[PDB]
Amino acid sequence: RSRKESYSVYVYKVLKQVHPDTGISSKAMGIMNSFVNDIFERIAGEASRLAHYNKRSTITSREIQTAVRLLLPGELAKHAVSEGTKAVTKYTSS
Amino acid sequence: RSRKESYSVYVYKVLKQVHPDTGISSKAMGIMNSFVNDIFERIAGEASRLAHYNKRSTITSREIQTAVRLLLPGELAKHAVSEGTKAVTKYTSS
Amino acid sequence: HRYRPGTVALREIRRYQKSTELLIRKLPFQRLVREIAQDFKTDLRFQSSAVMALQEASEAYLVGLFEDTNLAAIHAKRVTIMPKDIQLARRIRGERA
Amino acid sequence: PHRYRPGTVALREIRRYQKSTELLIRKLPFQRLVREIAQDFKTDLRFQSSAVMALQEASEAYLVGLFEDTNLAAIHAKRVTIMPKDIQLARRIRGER
Amino acid sequence: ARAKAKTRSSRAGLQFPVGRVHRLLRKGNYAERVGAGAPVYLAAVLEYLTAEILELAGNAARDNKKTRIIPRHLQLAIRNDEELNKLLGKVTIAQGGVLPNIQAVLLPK
Amino acid sequence: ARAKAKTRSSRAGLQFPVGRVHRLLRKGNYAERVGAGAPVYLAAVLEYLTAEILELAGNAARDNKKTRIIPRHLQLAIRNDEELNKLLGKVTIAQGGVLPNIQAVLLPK
Amino acid sequence: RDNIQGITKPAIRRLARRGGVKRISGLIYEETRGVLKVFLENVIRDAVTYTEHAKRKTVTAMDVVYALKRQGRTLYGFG
Amino acid sequence: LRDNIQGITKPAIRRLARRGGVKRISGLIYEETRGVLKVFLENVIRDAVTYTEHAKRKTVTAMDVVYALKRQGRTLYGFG
Amino acid sequence: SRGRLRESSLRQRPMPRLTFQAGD
DNA sequence: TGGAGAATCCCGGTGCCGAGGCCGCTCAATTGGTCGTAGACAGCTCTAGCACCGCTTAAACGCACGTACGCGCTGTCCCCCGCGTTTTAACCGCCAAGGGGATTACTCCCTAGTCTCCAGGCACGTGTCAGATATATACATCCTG
DNA sequence: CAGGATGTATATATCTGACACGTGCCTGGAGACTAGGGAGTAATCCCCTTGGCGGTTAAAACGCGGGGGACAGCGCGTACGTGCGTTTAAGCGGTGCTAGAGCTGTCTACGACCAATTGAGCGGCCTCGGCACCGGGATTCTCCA
């Protein structure tokens, strides 16, 4: 037998911390999983291309930050960069 | 001293074996180089995604065959497949 | 009673934009997909979710095409959508070139 | 006196500029425009000449494509002159707005 | 003895799987090596975008007097917002429908 | 002692480099490993496409009574071909100009 | 055979209604079903070749999703 | 720098329209094209500057512009 | 007949491009 | 249906600078072996696809009337075009300073890899509540007189 | 502007099946350690970017005269909308057969890795002829009498 992984638990946790009284359907969860996978693939591919262009062999935070700035538009890019930088700082402070 | 790679030698050999009395400009050699790199990247990326989809970890002629069928339109693909298969068969014949 | 021409069309637009179900009958679309596919490989089998995905994508594409076509038809001082507008929308989108 | 009926030397201009490959925007004002726009994102930037050249080539190619599209939009409306509404319709159908 | 295990997601304060994202980056053949801080940044970005989409979808669902988010609500939230609609312009959401709009020319006099 | 080297391009009868394409496939981070027949197939496809485009461009240059191919000739060759244009629909060629086309409505009558 | 007639006139009419169309000319239906056939062929060719690569005989929904994604029309809801 | 968009003169827009096959031009097309070109240039130069900032250099190279154009679906041949 | 000096290695009848003609 | 003139096309002489071929050489592809494992193949399973049959009835099909929209014709007048003049600044050529791209050395520290340990998330069961459905409304909307 | 007909939003009661939770467990994520080379920092070279000046002149701005066309209006007639009645085949259910998708177990031929070797292709550097340009003549096309 084999198991399949998904982001259902994390999407549900985020939803419950955003809208405590609101549930989410199975089809909506599938769409959110597809969205998360798509955004992950976009950012990861852009970061890989950025690493290849500069002849770096590593994907670091700055590569991900530059990717996020490249795909995400405007205010989304600004807020996402802020959130990522805050998370990285908190992680490295441990 | 650094070295910059290009497909100029091979493109000129192909030109001289398809139009023996015709030259080419450097500003057109650059465009041919860019086209070669673009098509290489397209086919290799499609082959990588085909390998990832099927959970394989090797890029073989089958992956490139399917990438060629996916990318090149119509008779272009129909002839590229034949050229590739003939070249691979001749290579294995040695 | 007799509604003047146009009002029923507007209420139909307000209905089908509000609702979210599929608009093409399922079985004829299954048969169309199957007969189109047999030109590539014979005796092919289709997962039900595959046919459903094909129908969803086809209806979304047709709805977007009809939006662009209505924009083109209105641009020409008309309210009646015509095949010329479909051709213009397809070419400007880049699907005819 | 001799004067060409309006339209003919407009057609000759079309044939003159569809045959050539030269740039149609003067280089110095375009370079100044590019530098002025780039001053918004980062100060004291430096541009390689090839960078400005590529920006100009891409910009005029995009404008030429847009002008073909808006010419088609204008002709579809049964008129010859292109108006800003035609450009807006072309951009909307292209998906740029 | 080994210390108590603390998930890297818990260290960063995120809800998304930093470890799983690190594995996916490492195994997905994106680069020869993946830095330590890349999964944290990517997980934070993904969680932020998901939080935005879920917040807008929940607002839309509340406007519809419903407790469960359905794909129609996701479509409404994504298309109504100007930034998400640009981020997901070429994305089709199954069972999402279309935004209700009618060209002003066609409305009756 | 060992036998004289025979390049894999010579072995396959191609002109494009099998070894260089193999290295680019391996070092390009496309897959964990690359089959031995992949570079040969890719080189053959690239050689065929370049031969096609250069043949059409040489024909176009001969139509202009020029013995050197310039980007204008490449643009003419690529756009005059339906399948090649479909392949390079989104590609812009510098110094290429446009295909001469005037809508039949605009012409005088 | 002859199954493009299954995309009947009222079906295209209500698809246009969802698209926002007020009234429709009679020549629209044939053009619309021709366009639909072209799109279906374009997508199904890539889907079936994806299945050929996997040595399968069932066109799974993942193949259709991959074909749509590579055509620039990514689909959310099926994988 | 200031008001350099006026350097995209009316004759230049007219010539670009002529290359596009346009036979007759309205008077507002010039301002409309000024706006469209400004938007396009802003979008491309934003990504070019992003690339050149990530590379940690002050000189916007040709490859940065080529990469910026490629990722927007406007692949350009000739410079890289 | 189109060919290469190594035959039918190139497609011997490339398709011609068509263009859209608006109006009548 | 003919000439005038304006533009285009065509032919010949000349200079040049960009393409083509040649000469080191170096570093990257080739050859020869080895080893680990990813993929090929046999076998088994049981899930999901295909096929069939009967009923309900929602939806498509066919038809008639007329009315509102498409299309053609007409008038206008004002906007755009074609051309002459003049004022502007792009363009080319040359000089000069130096900011910063590009490369080399070196080391250290960050990542890969391994082993061990354990709990987070996956699969399976499940019982209730959110949502779909049926029906009687009071209500808003369209239309004609 | 008012009344009739009719979609339509609303509230209540009903059903039901999808989901949010709980349990068991296993496998992948975390902790601790070592090894190694990727890249971060320092230093230097010199490339090419920016700034400036002067002269030519090609192109941009400006203005004027007039005509082709964009827009509004009128009229006509087809054709598409709306509603009614009559097929029809889609949808739903139920069942049965089995094709092949997926999983598991072996096993081998294939690709990565390493060391020695050498020639393929890059860098520089000629040299000359394809072509870009100028001058002049021939042909074509558009316009108006």
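1. Quick look at the protein's contact with DNA strand K
As a matter of local geometry, DNA strand K sits amid 82 residues, with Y12 of chain A, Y10 of chain B, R13 and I24 of chain G together with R15 of chain H nearest to it. The separation between a phosphate oxygen of DNA strand K and a polar side-chain atom of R20 of chain F is 3.4 Å. The side chain of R15 of chain H places a nitrogen or oxygen atom 2.6 Å from a phosphate oxygen of DNA strand K. Considering each element in turn, the surface near DNA strand K owes the most residues, 5 residues, to helix α1 (residues 7-18) of chain C. Within the surface near DNA strand K, the residues separate by chemical class into 19 nonpolar, 22 polar and 41 charged.

2. Describing the interface of chain F and chain B
Contact residues are listed per partner, giving 54 residues for chain F and 57 residues for chain B. Among the elements of the structure, α1 (8-12), α2 (18-27), β1 (33-34), α3 (38-63), β2 (68-69), α4 (71-80) and α5 (82-87) of chain F are those that each provide at least two residues to the side of chain F that touches chain B.

3. Describing the protein's contact with DNA strand J
Near DNA strand J, the surroundings consist of 77 residues, among which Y10 of chain A, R2, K4 and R20 of chain E together with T8 of chain G are the closest. Per the 4 Å cut-off to the protein, sugar and phosphate atoms form 95% of the nearby atoms of DNA strand J. Contact distances for DNA strand J include 2.7 Å between a phosphate oxygen and a side-chain N or O atom of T59 of chain H. When its residues are assigned to classes, the surface near DNA strand J shows 19 nonpolar, 21 polar and 37 charged.

4. Observations regarding the layout of surface pockets
Of the volumes computed, that of the second largest pocket is approximately 250 Å³. Lining the second largest pocket are 13 residues, with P5, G6 and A9 of chain C together with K22 and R23 of chain G positioned closest to its centre. When residues of the lining of the second largest pocket are traced back to their parent elements, those giving at least two are α1 of chain C together with α1 (9-19) and β1 (23-24) of chain G. Of the residues assigned to the lining of the second largest pocket, the class counts are 7 nonpolar, 1 polar and 5 charged.

5. Considering the UniProt feature "domain: Core Histone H2A/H2B/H3" (unreviewed entry) in chain C
Those residues carrying the UniProt feature "domain: Core Histone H2A/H2B/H3" (unreviewed entry) are residues 5-92 of chain C in this numbering. Its end C-alpha atoms 31 Å apart, residues 5-92 of chain C is made of 70% helix and 5% strand.

6. As for the pattern of salt bridges
Scanning the model with the defined rule gives 40 salt bridges over all chains in all. Residue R3 of chain B pairs with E5 of chain B through a salt bridge whose shortest N-O separation is 2.8 Å. What makes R3 of chain B exposed here is its relative accessible area of 64%. Across the salt bridge formed by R92 of chain D and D68 of chain C, the nearest N and O atoms sit 3.1 Å from each other. Highlighted residues: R92 of chain D in helix α4 (residues 84-94) and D68 of chain C in helix α3 (residues 48-75), drawn from two different chains. On the basis of relative accessible area, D68 of chain C is assigned to the buried category, the value being 6%. Within the structure, one salt-bridge network assembled from shared partners comprises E52, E55, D81 and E83 of chain F together with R2 and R11 of chain I.

7. Comments concerning α3 of chain C
All names here are of chain C. Between its terminal C-alpha atoms α3 stretches 41 Å, which fits the 40 Å expected from 28 residues at 1.5 Å a residue. Here α3 lies mainly inside the structure; 23 of its 28 residues are buried. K77 sits one or two residues past α3 and shows a positive phi near 60 degrees.

8. Digging into the environment of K4 of chain E
All names here are of chain E. Relative to the assigned elements, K4 resides in the segment before α1 (8-12). Take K4: its relative accessible area is 78%, and that puts it in the exposed class. Each C-alpha atom, one on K4 and one on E52, is 33 Å from the other, the two residues being 48 residues apart in sequence.

9. Here's the deal with a positive patch on the surface
A cluster of basic side chains, namely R56, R62 and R69 of chain A together with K56 of chain H, defines a positive patch on the protein surface. Within the secondary structure, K56 of chain H is located in the loop between α2 (29-54) and β2 (59-60). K56 of chain H sits in the exposed class, given a relative accessible area of 64%.

Conventions used here
- As a convention, residue numbering begins from 1 on each chain and follows the written sequence, not necessarily the numbering found in the entry; residues with no coordinates do not appear.
- Here chains are named by letter from A upward and ligands by number from 1 upward, in the order in which they appear as written.
- Values shown for side chains rest on all heavy atoms present in the structure; no hydrogens or waters enter the calculation.
- Residues with missing side-chain atoms are left out of burial classes, side-chain pairs and their counts.
- By convention in this text, a residue qualifies as near a molecule or strand provided that one of its non-hydrogen atoms is within 4 Å of it.
- Under this definition, polar contacts are N or O atom pairs within 3.5 Å; protein pairs additionally need one hydrogen-donor-capable and one acceptor-capable atom, and for neighbouring residues in sequence, both atoms have to be side-chain atoms.
- Think of it this way: any DSSP run of H or I at least four residues long counts as a helix, any run of E at least two long counts as a strand, and we number them from the N terminus.
- Each residue gets one label: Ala, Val, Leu, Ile, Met, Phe, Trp, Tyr, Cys and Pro are nonpolar, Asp, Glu, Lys and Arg are charged, and the others, such as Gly, are polar.
- Throughout, a contact is declared for two residues whenever any of their heavy atoms are within 4.5 Å.
- Here a cavity denotes a set of grid points, spaced 1 Å apart and computed over the protein atoms alone, in which a 1.4 Å probe fits but from which it cannot get out, and a pocket denotes an open set meeting protein on both sides within 12 Å along at least five of seven lines; residues with an atom within 4 Å of a point are reported as lining.
- Grid points are joined across faces, edges and corners, and a volume is the space filled by probe spheres set on the points.
- UniProt positions are given in the numbering used here, feature names are shortened, and annotations may be inferred rather than shown by experiment.
- We define a salt bridge as a side-chain nitrogen of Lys or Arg found within 4 Å of a carboxyl oxygen belonging to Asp or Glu.
- Three exposure classes are used, based on accessible area relative to the maximum for each residue type with a 1.4 Å probe and protein chains only: buried under 20%, partly exposed in between, and exposed over 50%.
- Working rule for helices: expected span equals 1.5 Å times residues minus one.
- Patches here are clusters of residues that have more than 30% relative accessible area and form no salt bridge, with a 9 Å joining cutoff for like charges and a 5 Å cutoff for nonpolar side chains (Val, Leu, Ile, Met, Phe, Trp, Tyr).
- Accessibility throughout is a Shrake-Rupley quantity obtained with a 1.4 Å probe, and a residue counts as covered only by protein chains that appear here.
- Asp and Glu count as negative and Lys and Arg as positive, but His and the ends of the chain are not part of the count.
- Here the site of a charge means atom NZ of a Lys, CZ of an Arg, CG of an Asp or CD of a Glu.

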